[PDB]
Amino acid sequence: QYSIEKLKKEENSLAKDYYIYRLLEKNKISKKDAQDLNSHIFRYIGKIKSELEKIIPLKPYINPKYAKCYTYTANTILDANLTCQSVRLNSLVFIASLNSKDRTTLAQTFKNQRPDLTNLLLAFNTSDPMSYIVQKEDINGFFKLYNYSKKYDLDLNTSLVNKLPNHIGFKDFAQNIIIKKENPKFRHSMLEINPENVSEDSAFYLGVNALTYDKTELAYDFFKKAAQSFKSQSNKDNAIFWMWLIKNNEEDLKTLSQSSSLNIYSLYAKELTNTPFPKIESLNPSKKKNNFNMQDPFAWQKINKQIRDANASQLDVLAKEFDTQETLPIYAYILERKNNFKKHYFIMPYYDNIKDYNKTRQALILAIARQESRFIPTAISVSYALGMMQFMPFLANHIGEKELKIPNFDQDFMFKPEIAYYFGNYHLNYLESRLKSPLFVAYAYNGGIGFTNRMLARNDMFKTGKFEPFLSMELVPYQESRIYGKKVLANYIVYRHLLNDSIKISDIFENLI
């Protein structure tokens, strides 16, 4: 392990963060060590921030211009200057805490210059502030109230709902209430949003919303708008798939089957149309090694940064240097960026560690590794998941120390490919024995078996229905897991194909119900 003094000499990165976090959790960072340490942290968010703050709390920040404004309370705010009054009224909790006579006074003070504040003040003088703000069609107020409390729910008329998409909060609002199946009056109201007023993710979610109310014509119009506006081909394909499922225009399915993006939708469309499986690149570097240490996490952070900030020209230089067997995962990574995501790279590095598993298991392992890490041995996530299979420390230590009783086990062994694949196999066995489907296994790998079980216990998820299992896949209640499953499923299909163990993706879909 590295001392704090040694780490401080490394460039700031997630790897340096991880090793600082390891010192913090072992109580090895003194109050003195901690003094300059925020400047040594690359991403000062989450557990590293809360551990550091147990040693040195942060006070900040109050803009010194307004410090005096924060010496008033709800009982003394009428003594504050007008600037201080309006700063403190940025907080809806602060407004809620005022007495109603003071809300009336302040509403009058601000009626001319700040009718937004007046609207919220008089709204909080009623038993339903959301109803008041909706009657005013105060869009900024609406979103401030929703952020304050998700519990408000009311029917919204055609005029009001068509104004909501112009506000930056709309996309997360729509996503959250549709996926969480919350705020039903708001959800029903959003059926009247004109597709002309939405785009991209928002249009797509509004298509999903319309399907849940069996408004299939409105759903088609939203999905069509999403397909026309999405920046990424994979998302466009997801929208075209819905266009096809709803109205069965064979030009939509034809366009989907010819996509440059390899995803479950394009793979499915290819299968339905007797279109050949997409071309998978074959990478076989003749040069066997270079000088790069594939086991140094710091070296990976540094080369990743360079690769991501390389121009079109510098990528060709890095491609050549890393065109070796030993650095195959870095090579494929460089090519994927360098060919602008047009070529399909599905490598199988360190294959000797999995070649004795059955091919279906090989493909599942490889499918997970590809999405988790792109096979980078020293991969570290923002939550400090580790190595090719991206194990969290807690589970790594549980398996390595308690279950397998590996002598001298340390969580950093997860950076060794033999260990990653072996532990991945071990955990995938647990999950698959309980869940069966590779899609459900992927949900549970990323999101946990508890979340997956709770989702599958629901009456409205992965049951029979007109648009199942595709609808359920859109309603997986955690965005990261919803995305992850779709990607890992595609990878799985590809690797099964590459291992001469093909399965029709239609069989996978049938088995979800």
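Take the two forms, superpose them, and find the largest set of C-alpha atoms that agree within 1.5 Å; that set is the rigid core. Numbers follow the displayed sequence, beginning with 1.
Name the stretch, 305-313 or 417-425, whose C-alpha atoms sit farther from the shown form on average in 9 other deposited structures of this protein, taking the rigid core as the superposition reference. Larger mean C-alpha displacement, comparing 305-313 and 417-425 in 9 other deposited structures of this protein, is found in 305-313.
Between 44-52 and 59-67, pick out the one whose C-alpha positions differ more from the shown form in 9 other deposited structures of this protein, using the rigid core for superposition. Result of the core-fitted comparison in 9 other deposited structures of this protein: 59-67 deviates more.
On average, are the C-alpha B-factors higher in 201-209 or in 422-430? Result: 422-430.
Mean temperature factor over C-alpha atoms, higher-scoring stretch between 349-357 and 216-224: The recorded data point to 349-357.
Out of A310, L439, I376, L262, which residue has the highest Cα temperature factor in the PDB record? Among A310, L439, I376, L262, the highest C-alpha B-factor in the entry belongs to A310.
Candidate set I240, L78, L154, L267 [ranked by C-alpha B-factor, highest]: Checking the PDB record, the top C-alpha B-factor among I240, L78, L154, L267 is at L78.
When the deposited Cα B-factors of this chain's modelled residues are ordered and cut into thirds, is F292 in the lowest, the middle or the highest one? As the PDB entry reports it, the C-alpha B-factor of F292 lands in the highest third of its chain.
Please place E372 in the lowest, middle or highest third of its chain by C-alpha B factor as given in the entry. Within its chain, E372 is a lowest-third residue by C-alpha B-factor, going by the deposited values.
Modelled-residue ranking by C-alpha temperature factor, third containing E192: Tercile = lowest for this residue's CA B-factor.
Could you say whether, by C-alpha temperature factor, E137 belongs to the lowest, middle or highest third of its chain? CA B-factor rank for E137: middle third.
Quick check on the deposited entry: does the C-alpha B-factor of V488 sit in the lowest, middle or highest third of its chain? As the PDB entry reports it, the C-alpha B-factor of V488 lands in the lowest third of its chain.
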